[PDB]
Amino acid sequence: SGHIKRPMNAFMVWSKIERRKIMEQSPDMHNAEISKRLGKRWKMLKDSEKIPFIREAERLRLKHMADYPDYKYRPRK
DNA sequence: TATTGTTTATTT
DNA sequence: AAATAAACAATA
């Protein structure tokens with residue numbers, strides 16, 4: 001459609017993988033509960049444990065700049 | 001139907 | 001200038 005999406009931050013990068021894991025082990029589980037539990041877990045994670053994901057987001061961000069150099073975030077009502 | 005981090009938009 | 005609001009990325 002032409003709309004350029006926001007880069008995934010570290011929490012989104014981690015959430016994708018962990019949501020997939022919870023889905024594989026515990027299917028038939030509602031997405032709101034999964035988000036609540038993922039938020040709690042992420043808040044418990046040590047900063048160092050978060051390093052791979054943070055950097056990964058940054059990597060994606062760099063790619064975003066290369067793919068859409070004229071891009072700026074524009075939230076609209 | 002919810003979550004965190006990031007950015008812009010709005011109100012103070 | 002600074003506190004607050006609000007949009008939004010992936011996903012069942």
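We name chains A, B, ... by the order of the sequence lines, and we start the count at 1 in each one. Note that these values count all heavy atoms, side chains included, but never hydrogens, waters or copies made by symmetry.
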**Study point:** Closest contact, heavy atoms only, A/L38 versus A/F11
**Key:**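 For A/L38 versus A/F11, the nearest heavy atoms are O-CE1, 3.9 Å.
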Practice item. For A/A57 and A/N9, work out which heavy atoms get closest and say how close. Key: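 Scanning both residues, the minimum pair turns out to be CB-C, 3.6 Å.
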Review point. Is it the case that A/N31 and A/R19 place a side-chain donor and acceptor less than 3.5 Å from each other?
Key: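 Per modelled atom types, A/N31 and A/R19 side chains form a pair under 3.5 Å.
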Selected nucleotide, minimal atom distance to [X] side chain, candidates [options]:
X	options	value
A/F11	C/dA9, C/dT11, B/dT3	B/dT3
A/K36	B/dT6, B/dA2, C/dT11	B/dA2
A/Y73	B/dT6, C/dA10, C/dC8	C/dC8

In whole angstroms, how far is the [atom2] atom of [N] from the [atom1] atom of [X]?
X	N	atom1	atom2	value
A/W14	C/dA9	CH2	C1'	16 Å
A/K16	C/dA12	NZ	P	10 Å
A/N9	C/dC8	CG	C1'	10 Å
A/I17	C/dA10	CD1	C1'	11 Å
A/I34	C/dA10	CD1	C1'	12 Å
A/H64	B/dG5	NE2	P	20 Å
A/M65	B/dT6	CE	P	14 Å

Point to revise | Sub-4.5 Å side-chain heavy-atom contact between A/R37 and A/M29 | key: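 Yes; the side chains approach each other to less than 4.5 Å.
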Exercise for review: Could you tell me which residues satisfy side-chain hydrogen bond (donor to acceptor under 3.5 Å, both in side chains) with A/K63, sequence neighbours excluded, listed by chain and number?
Suggested key: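 A/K63: side-chain hydrogen bond (donor to acceptor under 3.5 Å, both in side chains) contacts with A/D67.
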Review point. In residues 40-61 of chain A, what residues come within less than 4.0 Å of DNA chain B, judged by heavy atoms?
Key: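 Residues of residues 40-61 of chain A under 4.0 Å from DNA chain B: A/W42, A/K43.
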Check your understanding: In residues 18-30 of chain A, what residues come within less than 4.0 Å of DNA chain B, judged by heavy atoms?
Key ->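 Nucleic-acid contacts, sorted: A/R19.
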Review point. Where do A/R6 and A/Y71 land on the side-chain contact (heavy atoms from CB on, under 4.5 Å) test, with the steps shown first?
Key: CA-CA 10 Å; A/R6 287 172 64 75; A/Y71 162 94; 3.7 Å; yes
Check your understanding: Is any NZ, NE, NH1 or NH2 atom of the basic residue among A/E58 and A/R55 found under 4.0 Å from an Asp or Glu carboxylate oxygen of the other?
Key ->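 Salt bridge: no.
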**Study point:** A/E56 and A/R59 ion-paired at < 4.0 Å
**Key:**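 Yes.
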Practice item. Report yes if at least one side-chain N or O of A/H3 is closer than 4.0 Å to OP1 or OP2 of C/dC8; otherwise report no. Key: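 Indeed not, no polar side-chain atom of A/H3 lies that close.
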Review point. Any side-chain N or O of A/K77 less than 4.0 Å from the OP1 or OP2 oxygen of C/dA7?
Key: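 Indeed not, no polar side-chain atom of A/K77 lies that close.
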Exercise for review: Can you run down the side-chain hydrogen bond (donor to acceptor under 3.5 Å, both in side chains) pairs that involve residues 39-49 of chain A, sequence neighbours left out, and say none if there aren't any?
Suggested key: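 For residues 39-49 of chain A, and leaving out neighbouring residues, the side-chain hydrogen bond (donor to acceptor under 3.5 Å, both in side chains) pairs sorted by first residue read A/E18-A/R41.
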Review point. Just checking A/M12: base, sugar-phosphate only, or nothing, at a heavy-atom cut-off of under 4.0 Å?
Key: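 A/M12: base contact, heavy atoms under 4.0 Å.
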Review point. NA contact type, A/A10, heavy-atom cut-off 4.0 Å: base, sugar-phosphate, or nothing?
Key: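 Result for A/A10 = nothing.
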Exercise for review: Check whether any side-chain N or O of A/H64 sits under 3.5 Å from a backbone N or O of A/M8 as a donor-acceptor pair, and report yes or no.
Suggested key: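 Not at all, since once roles are kept as given, no pair shorter than 3.5 Å links the two residues.
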**Study point:** Sugar of C/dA9, sorted north or south by the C1'-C2'-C3'-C4' dihedral sign
**Key:**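 North pucker for C/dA9.
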Review point. According to a 3.5 Å limit on both distances, what stems of 3 or more consecutive Watson-Crick or G-U pairs are formed with DNA chain B?
Key: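 Output for stems: B:1-11 with C:2-12.
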Exercise for review: Kindly determine whether A/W14 and A/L45 satisfy side-chain contact (heavy atoms from CB on, under 4.5 Å), including the steps that lead there.
Suggested key: CA-CA 11 Å; A/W14 174 87; A/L45 267 188; 3.8 Å; yes
Exercise for review: With sequence neighbours excluded, tell me which residues meet side-chain contact (heavy atoms from CB on, under 4.5 Å) with A/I54.
Suggested key: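 A/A10, A/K50.
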Review point. Below 3.5 Å, does any donor atom in the side chain of A/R6 face an acceptor in the base of B/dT7, or the other way round?
Key: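 Flag unset: no donor-acceptor pair detected.
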Review point. Is any N or O donor-acceptor pair between the side chain of A/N31 and the base of B/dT1 shorter than 3.5 Å?
Key: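 Such a pair does not exist between side chain and base.
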